[PDB]
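> Sequence and experimental coordinates follow.
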6 protein chains.
Amino acid sequence: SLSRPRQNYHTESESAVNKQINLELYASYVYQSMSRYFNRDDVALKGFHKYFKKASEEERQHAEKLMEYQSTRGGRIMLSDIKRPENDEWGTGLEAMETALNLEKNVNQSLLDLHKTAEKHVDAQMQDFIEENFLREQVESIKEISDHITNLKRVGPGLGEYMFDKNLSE
Amino acid sequence: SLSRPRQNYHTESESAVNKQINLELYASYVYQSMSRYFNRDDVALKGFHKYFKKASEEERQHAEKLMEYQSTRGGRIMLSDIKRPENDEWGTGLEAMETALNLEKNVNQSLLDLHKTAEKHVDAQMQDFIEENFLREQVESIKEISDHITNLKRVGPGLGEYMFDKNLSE
Amino acid sequence: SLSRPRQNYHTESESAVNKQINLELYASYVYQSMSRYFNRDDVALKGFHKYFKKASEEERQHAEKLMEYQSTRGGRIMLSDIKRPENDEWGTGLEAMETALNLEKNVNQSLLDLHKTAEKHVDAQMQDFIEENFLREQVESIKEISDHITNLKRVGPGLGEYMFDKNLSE
Amino acid sequence: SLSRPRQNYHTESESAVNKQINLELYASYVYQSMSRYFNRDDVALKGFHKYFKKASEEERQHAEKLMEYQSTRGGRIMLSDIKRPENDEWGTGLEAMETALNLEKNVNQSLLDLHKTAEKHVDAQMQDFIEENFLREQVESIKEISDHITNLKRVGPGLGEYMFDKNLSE
Amino acid sequence: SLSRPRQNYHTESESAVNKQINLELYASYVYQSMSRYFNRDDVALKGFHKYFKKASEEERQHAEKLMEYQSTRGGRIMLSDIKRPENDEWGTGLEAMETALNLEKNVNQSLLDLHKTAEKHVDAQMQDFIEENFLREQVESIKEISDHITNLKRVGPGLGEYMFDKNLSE
Amino acid sequence: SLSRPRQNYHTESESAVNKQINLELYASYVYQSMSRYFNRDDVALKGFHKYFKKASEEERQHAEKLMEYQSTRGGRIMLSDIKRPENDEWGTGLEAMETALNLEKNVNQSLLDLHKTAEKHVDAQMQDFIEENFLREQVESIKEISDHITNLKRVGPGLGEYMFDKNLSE
Ligand SMILES: [Fe+2]
Ligand SMILES: [Fe+2]
Ligand SMILES: [Fe+2]
Ligand SMILES: [Fe+2]
Ligand SMILES: [Fe+2]
Ligand SMILES: [Fe+2]
Ligand SMILES: [Fe+2]
Ligand SMILES: [Fe+2]
Ligand SMILES: [Fe+2]
Ligand SMILES: [Fe+2]
Ligand SMILES: [Fe+2]
Ligand SMILES: [Fe+2]
Ligand SMILES: [Fe+2]
Ligand SMILES: [Fe+3]
């Protein structure tokens, strides 16, 4: 028996949503780790700390939006282990911004694949859901982090990193 | 000669819009009937009365939005009889929620087919109009009614129906 | 056996109430059709659009008042198909006001026959219900539409129609 | 050697965005010219002046939205000459509204071709961006101008044109 | 060499803080799973949904306070995989409250062991941190959950569960 | 036959006003290009972006002031192609400020020549119009840009540029 709300919602879409939930939880964990590292006494960049805290929270919210969507469509949420980040440490502000862009792009390609899944299965509603709730945000973020990387190179290490961080804080 | 505004609007889309206008007006009528049945002295469930009143109003508003859209694109509205509902009476609260779910699913499949019409004819604007104004709402409604059916089964007949109805009223 | 509330409510009155419900819903549909027609790109009279929208809504409200009354008295609402209007278009502002007057008079005569049903069966409460909630409004409406027809004749086609329509909008 | 933000953004799309930019800047210039013309001492229709001023501004805003989008995706803005309009004058209010409708339709077809480009390259983000920022507005404009042309024909020359112009002014 | 802030902070304390961070993240994930389960269409208990949402947020907050504390003392945060919960599905309200109590007791025993660690290494500040920020909250939660279980047993299944859930929603 | 308002308005002045309209439009387009260049991901100087956006808008406004003036005097606006800027990309902040100064001085010379036209033809009203609405502003912009170039040299590349851009933003 299909679940009562189930209508035009393929099993491959359902599976793919579960995968995407894990990815976003993972991304939130990476950002968490990045955030806490910048508040170490021997790193001490509170603007990077704050920027990656926000990132972490946003990723977790996106995972939760996917959880809700799964149940709304009549799919069943299947959770997996949230793997630990690749690194304990994250280097300079610039390095960590480069790390963040790579993660964002990874998550973006996963979202575009999830969109392609929905399209294949003629799931118009799921297409819209993804476009509105995920895709726009992702291209804004990629643009912003890329701007930050240009500026971190432009200011250089030492005082430059310190002044960039202050302006991240605001 | 086409109408002045007409641009990228197929006759099949135009026709399908008129069929959907009828469908939504029909659905409004069915909810009208349900609504008033629940205010009978020998039924007397004001929460269900209110819930199906709102449903009826919302289905008329969607028919009207489709009427407006037809003329905006340069289509011509063609109206047909609004058929009377299948029943005069609607049973218990649970029965009526099951009837509601079937109607919402039927309306949703028609919307999905209207979207496929728009897509076949490469009517991007129409696909967007349908996704934003119809498809989102329909999946919310399907989920809500499914929740209600679970809770009506969980409370049982009698006092349980009465208490659920109070909660619908708020 | 009779319904629990029922007292001094004849079967003929109950039947006639059902017929009146259909009539008013039909009237609402005619005014819906008129209203939309006036927002076509090749008609484009927003004052007439608004006027007939209001009319449509009012008719539906009166149908709904009769639905409620039927159940208040212990009668049973019996719905029928809502027939499609006799036309798809509606001509000039003047033509459509003439159409409206004929519809209002037809609905008035039905109301008056419904009152006579109530009087025949010595249903004083029904008579009072009909006078207060329907008859007064109908005389006012018939007068107003008559006034509009004199003015539409007085202004003439073209600019005059346009300026009448602006005043309808207000 | 792709730009840092670049992800799922075809060169075809990039170049089509540049062409659209030019087209909207052109359209803004046509509307500028029209707007000015209607404030000539020998034309003197301030409501048409204002209507085409607004249109000019909106077209420029949409060119600028496309400029911002190009850079957001990692594309590079390439500007071309903004060609001067086909005419120095613009005739009557009615003639100018006919001109405006032809311009809007032509901009709309370009937008629809831009959407087809995006679709062909499986650019889901781009599809959405065009739907929500461009396509909706364009169908509304086309309908409005079409309504204005009906009314300008209804009112006729002379006093009729003067009264329509007032109403445009508000 | 030790980190700059390091003073009176044992490696065993540092290690045990990392273990506790993992445990609280794990507990937050179990509560996440429970919370979403309760909003399934075929479960539909919004009060349990909300209760476990709040539980999940609080657990995450307590993990984050441990992260901050690790870095404040000069320790180094070490993250591990956050294991998926034991179940995908969580039964009745009553079953899930029993599950929650067993989780809270396990988290409390770990906190008490963490306090023993701090005491063995004569870390007065740590003891005070644990008492104030963790231990009080835990005994309250354990009391509250225990009260809920008594009440869930007292109301029984069906309507009783529904009414308890309303009261949780408040 | 002259236009009705025409008085003391030489054809050479009318011509020269059309040329100045084009110049200002061209200057607005140059600044628009400069503006959008500084928001590229690989340039990322939002203060410079803002500064040249304002410049672009101001130039447009001054073109439109000339447009209005032409029609006020009874002249006839004649539009020409707005040529595309000399460059696609505009170098560092300092380079672009040097570009801006040269543009400003070119536009100021044009204004001075337009004043000389008006003076030759004993057009006292025009001389004033130019002095008040154009000449004052242009010596302000020339002085401010000159100050900015001194400070861009003072601060140097890298962090200095970054900090000057922040101050531009404010
Ligand atoms: Fe995300
Ligand atoms: Fe993100
Ligand atoms: Fe609907
Ligand atoms: Fe609905
Ligand atoms: Fe009526
Ligand atoms: Fe009426
Ligand atoms: Fe446009
Ligand atoms: Fe969309
Ligand atoms: Fe437009
Ligand atoms: Fe905890
Ligand atoms: Fe807790
Ligand atoms: Fe200027
Ligand atoms: Fe200037
Ligand atoms: Fe009376």
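Sure thing, it's come through. Numbering: from 1, shown residues only, chains lettered A, B, ... in the order given. Ligands and ions are numbered 1, 2, ... in the order given.
> Only C-alpha atoms from now on, for both contacts and neighbour counts.
Fine.
> Got phi/psi on the closest residue to residue A:152 other than its chain neighbours?
In this structure, residue A:152 finds its nearest non-sequential neighbour in residue A:94, 5.8 Å apart by Cα to Cα, 6 or more residues apart in numbering or on different chains. Torsion angles at residue A:94 (phi, psi; degrees, to the nearest 10) stand at phi -60, psi -50.
> who's in contact with residue A:94?
The contact partners of residue A:94, by Cα atoms under 8 Å, 6 or more residues apart in numbering or on different chains, come to A:149, A:152-153.
> and which of these is nearest chain C?
residue A:149 (52.4 Å; Cα to the nearest Cα).
> Is it correct that that closest one is in contact with residue A:97?
Yes - Residue A:149 is in contact with residue A:97 according to Cα atoms under 8 Å; the separation is 6.3 Å.
> So which residues on chain A come close to chain E?
A:3-5, A:33, A:36, A:39-42, A:67-68, A:71-72, A:74, A:77-85, A:88 (Cα under 8 Å from any Cα of the partner chain).
> Swap in 7 Å and give it another go.
Residues of chain A lying close to chain E by Cα under 7 Å from any Cα of the partner chain are A:40, A:71, A:78-84, A:88.
> Residue A:152 and chain E, how far apart?
From residue A:152 across to chain E, the span is 26 Å (Cα to the nearest Cα, to the nearest Å).
> element containing that residue?
Here residue A:152, judged by DSSP states H and E, is contained in helix A:136-155.
> Do any residues in the next helix or strand after that helix lie close to chain F?
For helix A:136-155, the following helix or strand on the C-terminal side (DSSP H and E) is helix A:159-169. Yes - using Cα under 7 Å from any Cα, helix A:159-169 reaches chain F at residue A:160.
> Who are the packing partners of helix A:159-169?
helix A:46-73 (3 or more Cα pairs under 7 Å, 6 or more residues apart in numbering or on different chains; DSSP states H and E).
> List the buried residues for the helix it packs on?
By 16 or more other Cα atoms under 10 Å in any protein chain shown, the buried positions in helix A:46-73 come out as A:46-60, A:62-64, A:66-73.
> same question, stretch A:91-105
For stretch A:91-105, by 16+ other Cα under 10 Å, it's A:92-94, A:96-101, A:104-105.
> Skipping adjacent residues, who's closest to the residue positioned nearest the centre of chain A in space?
For chain A, the residue nearest the mean C-alpha position is residue A:59 (4.4 Å; Cα atoms, centre = their mean). Computed as Cα to Cα, 6+ apart, the closest residue to residue A:59 that is not its neighbour in sequence is residue A:28, at 4.9 Å.
> Tell me which residues touch the one you found, please.
Counting by Cα atoms under 7 Å, 6 or more residues apart in numbering or on different chains, residue A:28 makes contact with A:56-57, A:59-60.
> can you pull the buried residues of the helix or strand hosting it?
In the assignment (DSSP H and E), residue A:28 maps to helix A:11-37. Buried residues in helix A:11-37, counted by 16+ other Cα under 10 Å: A:13-37.
> on that earlier part again, the residue nearest to the centre of chain A reaches residue A:27, doesn't it?
Yes - using Cα atoms under 7 Å, residue A:59 is in contact with residue A:27, at 6.4 Å.
> And residue A:17, how far from ligand 8?
Separation of residue A:17 from ligand 8 (Cα to the ion, to the nearest Å) stands at 19 Å.
> In contact with that residue, which residues?
Each residue near residue A:17 by Cα under 7 Å, 6+ apart is listed here: A:66, A:70.
> Cool, thanks, talk later.
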